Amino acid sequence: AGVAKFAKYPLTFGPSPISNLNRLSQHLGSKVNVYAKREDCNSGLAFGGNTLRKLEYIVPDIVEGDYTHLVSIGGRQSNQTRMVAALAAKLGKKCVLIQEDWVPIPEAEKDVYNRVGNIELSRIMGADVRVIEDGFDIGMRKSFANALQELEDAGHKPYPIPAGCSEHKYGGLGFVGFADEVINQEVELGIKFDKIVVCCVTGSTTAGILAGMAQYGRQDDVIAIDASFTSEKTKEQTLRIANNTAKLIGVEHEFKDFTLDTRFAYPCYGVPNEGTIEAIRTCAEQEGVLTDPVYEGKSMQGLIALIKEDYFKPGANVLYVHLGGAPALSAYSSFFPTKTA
């Protein structure tokens, strides 16, 4: 036990708040009491989001070192790239982003998809944004390394930050701290969360939550709603991270498997489905809380699905984990026509 033995650099206002989505509760049958951990209300750094939690434990190394460039990677509307740019700015360092094509840009958006959303924000923050177009892979890419070798030859000291930080040694520490927070908040709010619903694609977030909740023997409370539509590698990598992070923080527990629903990943990574959009509309319509079509949207549809199929015990307190990602909504304006009548 102990994430405390690792250096942390503050990038958020502190413990992310928890929302009481009581109105969305009744709309779903008053079967459960839905709540939301707002990681999308993280800090003042370009809208916040889950990646900021992860970066807090990575920054120390960046600063202690003497790097001069923060190089990350993702797909078009990648949320991480936007927050890494925000970090480089705050650290007074250069930034090189790689926006590959991981989502089949729905024709009805082939225009704004590359000019708006999160990619616009990275440019405004002055990062060297490079629009590449390679396949989707929640793993190491054969371009991210090139950029690295590139800046090195130029005479710079580049700092690597893989997709989702999932393959960074400390990629899972941030959400371990997330668990510590929830436990403390349950006591302040006086509300015990029976389950934790969170989206998953590259790992680190879920894994950190697993290894962290395990500190209290509550790994099982976790319910990871897939969104990568590749349960294969996705569930394996998350597990590889869950075990490693566990070792770092001292938890002996061994993760062999975890609840990873996969009925809402379709039709593909980045592309929603009638259900996804319906979840966003419902959540937005009921709680005034916005969710995107890529991550938080699907994980929200799954949440509403489970509440339907009386999956949770009657009167259970479920903690929905809003990891952010709403700034990409603009690259999906076509999926949301105006209310009928």
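Numbering starts at 1 and follows the sequence shown.
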item: Mean C-alpha temperature factor, higher of 120-128 and 134-142; value: 134-142
item: Of 93-101 and 201-209, the stretch whose C-alpha atoms average the higher B-factor in the entry; value: 93-101
item: Residue with maximal Cα B-factor (values as given in the PDB entry) among 188, 194, 236, 181; value: 236
item: Largest Cα B-factor, entry values, listed residues 307, 59, 279, 45; value: 307
item: Assigned third (lowest, middle, highest) for the C-alpha B factor of residue 270; value: highest
item: CA B-factor ranking of residue 26, expressed as a third of its chain; value: highest
item: Where the record places residue 106 (Cα B-factor, split into thirds across the chain); value: highest
item: Relative C-alpha B-factor of residue 242, binned into the chain's lowest, middle or highest third; value: middle
item: Chain third (lowest, middle, highest) by recorded CA B-factor, residue given as residue 256; value: highest
